[PDB]
Amino acid sequence: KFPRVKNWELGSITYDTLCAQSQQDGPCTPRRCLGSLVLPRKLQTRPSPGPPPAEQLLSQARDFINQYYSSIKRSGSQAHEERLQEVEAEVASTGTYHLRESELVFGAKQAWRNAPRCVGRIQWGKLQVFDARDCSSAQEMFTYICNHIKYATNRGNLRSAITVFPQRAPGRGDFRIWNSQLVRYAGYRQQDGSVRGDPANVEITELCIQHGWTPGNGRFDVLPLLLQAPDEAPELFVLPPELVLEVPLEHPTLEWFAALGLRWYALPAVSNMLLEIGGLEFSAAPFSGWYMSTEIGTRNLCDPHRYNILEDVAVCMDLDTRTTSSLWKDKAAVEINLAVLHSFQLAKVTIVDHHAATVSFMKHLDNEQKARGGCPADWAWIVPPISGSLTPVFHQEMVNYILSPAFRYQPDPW
Amino acid sequence: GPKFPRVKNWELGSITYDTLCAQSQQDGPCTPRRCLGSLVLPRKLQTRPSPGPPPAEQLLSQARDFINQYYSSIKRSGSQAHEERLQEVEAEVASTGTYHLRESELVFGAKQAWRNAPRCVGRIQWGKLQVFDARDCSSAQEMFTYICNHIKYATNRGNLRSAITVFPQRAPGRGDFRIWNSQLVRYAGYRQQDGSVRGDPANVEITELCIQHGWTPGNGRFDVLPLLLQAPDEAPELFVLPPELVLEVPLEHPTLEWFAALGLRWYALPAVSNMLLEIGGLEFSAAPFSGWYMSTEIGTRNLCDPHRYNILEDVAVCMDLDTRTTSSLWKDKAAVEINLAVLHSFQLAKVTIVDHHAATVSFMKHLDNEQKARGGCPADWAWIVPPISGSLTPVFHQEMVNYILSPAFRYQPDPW
Ligand code: HEM
Ligand code: HEM
Ligand SMILES: O=[N+]([O-])c1cccc2c(Br)n[nH]c12
Ligand SMILES: O=[N+]([O-])c1cccc2c(Br)n[nH]c12
Ligand SMILES: O=[N+]([O-])c1cccc2c(Br)n[nH]c12
Ligand SMILES: O=[N+]([O-])c1cccc2c(Br)n[nH]c12
Ligand SMILES: [Zn+2]
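Protein chains in written order, with the entry's author numbering: chain B, 69 to 482; chain A, 67 to 482.
Written as structure tokens, this is what we have:
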């Protein structure tokens with residue numbers, strides 16, 4: 069049952085014993101591996117057409133409360149026993165329960181630590197957790213979100229944070245942020261199918277306009293937020309521009325790069341995932357860290373279905389875009405990534421390159437092997453999208469599995 | 067909807083369902099509880115040499131399935147000829163414990179093993195494999211001749227041709243034919259007294275075995291190894307490939323004049339020789355196969371892996387890059403130029419080579435061909451996406467289903 073895990077660069081072997089604590093199934097079976105699939109249809113987080121089975125809920129809740137008491141080393145303490153009894157009395161009478169703020173803080177940090185696709189987990193213990201479960205309206209949601217962005221941005225010296233809105237409840241609508249990130253650029257279907265802006269955001273852009281936003285016409289128009297309180301239409305909120313830190317892109321030696329008029333925002337803030345702690349589900353719990361430079365330079369600017377800028381930059385570079393074998397894509401991608409690093413560095417905004425980040429992730433794997441006997445990791449997401457085998461994680465076998473607390477995908481609210 | 071894995075392409079937003087995986091009758095290393103997809107050698111395909119034949123029923127089940135695939139492929143399933151072949155195979159197993167393939171069956175089988183290889187990006191070529199039948203081989207000397215003829219056919223003065231040479235199958239009460247080398251052409255790895263390795267560090271063990279068996283070692287960075295060839299129940303015998311049969315390409319760069327001075331080179335012919343070819347339960351323990359290179363394999367993996375030639379820093383220093391900080395992207399810049407020199411050099415030498423952009427575009431066509439032909443394609447995303455510029459290629463954006471279909475190429479334990 070326990071996997072032998074090899075590092076092919078160093079020749080070292082470890083055994084993952086943490087995976088036996090996984091209680092939830094992924095999509096692979098012995099007859100076929102589906103590890104490269106991006107989204108589930110089983111791992112998701114089905115609405116509440118009535119509360120979960122109480123035996124299922126209290127099973128997850130007791131395991132979480134046990135995780136917490138172990139975490140502060142007061143396992144078996146009277147507090148531990150008294151807490152377990154409170155949670156059980158609550159689920160027996162009401163079909164649900166509530167977490168103490170200290171439990172919430174531990175849970176959100178553990179969800180990050182457990183996220184198999186995140187290469188930045190060496191930071192997992194340094195997470196600012198904002199409790200927003202005292203929130204009864206979309207306008208209040210907006211205030212908490214602005215305060216999050218202000219904290220996390222910190223004038224360019226970014227700090228990881230999460231804001232947790234009230235949990236799901238059976239027979240009642242969810243709190244939701246419709247946006248997939250707190251800061252994203254509009255995507256406008258221009259006449260002829262083609263898109264101005266970020267093609268990934270055409271649908272959310274359209275929803276914003278249909279909910280009364282007056283659209284811009286630029287390539288980098290920051291989107292308004294669509295926030296929804298239970299069983300209400302989402303409400304539109306424009307972020308105050310002074311809250312949204314952006315970095316114009318320039319290259320340290322190619323004069324013309326700046327003329328491309330590229331920019332990116334500083335704060336990566338994922339806002340449409342579900343945070344699951346002890347069987348409780350937080351449908352609105354936006355979290356933010358800082359960027360790995362390849363995410364901007366390679367995926368967001370160079371993906372064919374995104375800004376797709378490779379050929380423009382290659383032409384500016386005078387490269388031979390006529391045959392694959394000139395490696396024009398590869399050369400242009402490196403300079404684009406270099407421009408991102410130089411530019412963030414120049415602006416004094418937190419950024420980490422993919423070599424530094426994967427070196428730290430290897431340190432994190434070693435830390436975790438000692439602390440818990442393993443670390444769930446999804447190779448396809450941990451290895452960067454350029455220069456894969458040039459980083460140490462490529463040569464490291466990994467084991468993927470789901471531990472709780474967890475961040476999960478959930479259906480779009482529309 | 068369909069009770070099969072749903073597969074998405076995120077660049078194009080298209081969906082397919084893989085029904086082919088329902089034919090898999092050999093399990094992988096994953097469970098609903100945890101994915102082991104990134105492990106390089108799962109103990110599954112792998113084969114711990116069974117002292118004697120297969121269980122008659124196990125072997126018969128695999129043989130029947132294979133013969134059924136064969137008659138389906140020529141469109142005669144359920145036919146008189148098909149029934150008779152199943153009877154003959156059953157009778158031969160009952161009387162001898164094993165059976166033998168017709169020539170056309172071996173050819174079908176060998177092509178199907180390549181088509182079925184989930185880690186191979188070059189599978190659009192699968193129908194154009196040249197199958198050399200060497201099942202009459204009876205000595206190590208004869209194995210060497212067969213291998214020299216393969217190498218000459220396959221290399222073809224630089225216009226490479228895919229080929230496989232199949233030596234006699236494993237048999238009850240008899241040792242195996244084995245090629246000890248992992249490729250027909252490999253460079254030596256020599257352990258230094260100070261602990262470094264000169265040459266290819268991946269090949270220290272095979273290099274020391276060649277020496278232990280009588281080879282007189284060189285001490286260069288790119289010394290072609292001799293072959294250690296083993297006929298049933300004999301010690302391996304050593305053969306030196308005549309140099310004129312081993313085509314090599316000295317590496318230069320199109321604009322960086324100093325690159326040629328580094329004295330780097332690579333061989334033209336990638337020819338895997340230590341895998342097991344399995345067809346209908348029969349095991350061809352010696353069945354070397356060869357194609358042509360994808361340039362990243364040479365330029366990125368063989369020259370720049372930290373546990374291989376590890377040349378990145380040296381080239382980066384020559385390019386005057388800042389190797390003392392990660393954010394200069396010195397590794398990335400050097401890697402791009404090493405891969406460009408590999409493509410340029412092979413192109414200049416008129417030696418077949420394919421860049422990773424062209425290879426992955428053709429693999430996307432292969433996937434579309436196979437969706438129609440078989441309802442899916444087993445594919446191992448971590449091996450199909452190239453080791454540089456991964457998301458710059460179409461395959462990155464394609465979700466993949468990985469599973470084991472037979473006929474198959476499998477790992478097998480080293481002969482020593
Ligand atoms: C501190 C710096 C951080 C860096 C540099 C970083 C980097 C990454 C990268 C490169 C990805 C793979 C790409 C993706 O899935 O979108 C990722 C994914 C992820 N990260 Fe991190 N991360 C950081 C902070 C955070 C924080 C603070 C959390 C949570 C509290 C977090 C949770 C996750 C999750 C859940 C994913 C999976 C996203 C998905 O499935 O779409 N990360 N991270
Ligand atoms: C025509 C050109 C070909 C190209 C460009 C090519 C390219 C590749 C690449 C890049 C790999 C991944 C690296 C690896 O797994 O070692 C690979 C793997 C493989 N190829 Fe191909 N291939 C070609 C022909 C062949 C042929 C002729 C066969 C067999 C008849 C073959 C069978 C396989 C197998 C079995 C693997 C997996 C090796 C392993 O797991 O160690 N390929 N190929
Ligand atoms: O840097 N990233 O590439 C990246 C990707 C996805 C999520 C996050 C967060 Br939250 N911080 N950085 C992230
Ligand atoms: O070494 N690894 O751990 C590992 C995992 C997945 C793919 C590859 C390839 Br291709 N070489 N090494 C790999
Ligand atoms: O090009 N390649 O990278 C490559 C890798 C592994 C096996 C083969 C064969 Br056989 N032809 N090319 C191959
Ligand atoms: O698109 N994909 O099929 C796919 C598979 C595996 C990982 C990734 C990432 Br990271 N982006 N897209 C991916
Ligand atoms: Zn898997």
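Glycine included, every Cβ here is placed at the ideal spot set by N, Cα and C.
What residue does the beta strand (DSSP E) around B/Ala424 start on, and which one ends it? No beta strand (DSSP E) contains B/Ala424, which is instead part of the alpha helix (DSSP H) from 422–440.
From the DSSP output, in three-state form, read off B/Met360 for me. strand
Ignoring anything shorter than 3 residues or poking outside the stretch 233–274 of chain A, list the beta strand (DSSP E) runs there in chain order. 255–257, 263–265
A/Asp371, DSSP secondary structure in three states: coil
Going by beta-carbon coordinates alone, are B/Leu294 and B/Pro302 separated by less than 8 Å? yes
Could you name the residues of the stretch 85–103 of chain B whose beta carbon sits closer than 7 Å to any beta carbon of chain A, in the order they occur along the chain? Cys87, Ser90, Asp93, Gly94, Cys96, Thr97, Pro98, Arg99, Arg100, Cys101, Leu102, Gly103
Contact check, B/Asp84 vs B/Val467, beta carbons under 8 Å: yes
Less than 8 Å between the beta carbons of residue 542 of chain B and B/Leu291, yes or no? Since the displayed chain B opens at 69 and closes at 482, residue 542 of chain B lies outside it and no answer follows.
Quick check: does the Cβ of A/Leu107 come within less than 7 Å of any heavy atom belonging to ligand 7? no
Proximity test, Cβ basis, 8 Å: B/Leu433 and chain A: no
Restricting to runs no shorter than 4 residues, where is the alpha helix (DSSP H) found entirely within the stretch 383–425 of chain A? 396–414
Let me make sure I understand the geometry here. Which of A/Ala401, A/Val73, A/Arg109 has the alpha-carbon closest to that of A/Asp371? A/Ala401
Quick one: list the residues of chain A neighbouring B/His373, beta-carbon separation under 9 Å, in chain order. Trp76, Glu77, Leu78, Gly79, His463
Tell me whether the stretch 457–472 of chain A and the stretch 69–88 of chain A touch, counting them as touching only if at least three CB pairs, one residue from each stretch, are closer than 8 Å. yes
B/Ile81 vs B/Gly346 beta-carbon contact at 8 Å: no
Answer yes or no: do residue 35 of chain B and A/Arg99 have a C-beta to C-beta separation smaller than 8 Å? For chain B, the structure presents residues 69 to 482; residue 35 of chain B sits outside this window and is missing.
When you get a sec, list the residues whose CB is within less than 5 Å of any heavy atom of ligand 4, chain order please. B/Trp76, B/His463, B/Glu465, A/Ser104, A/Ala448, A/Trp449
Select from the stretch 389–419 of chain B all residues with a C-beta closer than 8 Å to any C-beta belonging to chain A, and list them in chain order. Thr392, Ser393, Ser394, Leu395, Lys397, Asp398, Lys399, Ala401, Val402, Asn405, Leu406, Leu409, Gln413
Alpha carbon to alpha carbon, how far is B/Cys203 from B/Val232? 10 Å
Beta-carbon within less than 6 Å of A/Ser248's beta-carbon, same chain only, minus the 5 sequence neighbours each way: which residues are those? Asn340
Between B/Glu149 and B/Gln235, which are expected to be in contact by the criterion C-beta below 8 Å, what is the C-beta distance as a whole number of angstroms? About 25 Å separates the two Cβ atoms, so there is no contact after all.
Only counting runs of 4 or more residues, tell me where the alpha helix (DSSP H) segments fall wholly within the stretch 128–157 of chain B, in order along the chain. none
What residues of chain A sit near B/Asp289, judged by a beta carbon separation below 8 Å? None at all; the shortest Cβ gap to chain A is about 23 Å.
Sort out for me which residues DSSP pairs A/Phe350 with in a bridge. A/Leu343
Got a sec: is the Cβ-Cβ distance from B/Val381 to anything in chain A below 8 Å? no
Which residue marks the beginning of the beta strand (DSSP E) containing A/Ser80, and which one marks its end? 80–83
Among A/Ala353, A/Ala407, A/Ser393, the one whose alpha carbon lies nearest that of B/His423: A/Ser393
Identify the residues that DSSP records as bridge partners of B/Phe198: which are they? B/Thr231
Other residues of its chain near A/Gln413: CB distance less than 8 Å, five sequence neighbours each side excluded: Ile419
Neighbour flag for A/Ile454 against chain B, beta carbons, 8 Å: yes
For chain B, find out if any of its Cβ atoms is closer than 8 Å to the Cβ of A/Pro68; answer yes or no. no
Environment of B/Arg331 [buried if 16+ CB atoms lie within 10 Å]: exposed
Closer than 8 Å to chain A by CB, B/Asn468: yes
Flag A/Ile230 as yes when its Cβ comes closer than 7 Å to any non-hydrogen atom of ligand 2, and as no otherwise. yes
Just the Cα atoms here: how many angstroms apart are A/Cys276 and A/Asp434? 45 Å
Kindly indicate if chain A contains any beta-carbon less than 8 Å away from that of B/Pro71. yes
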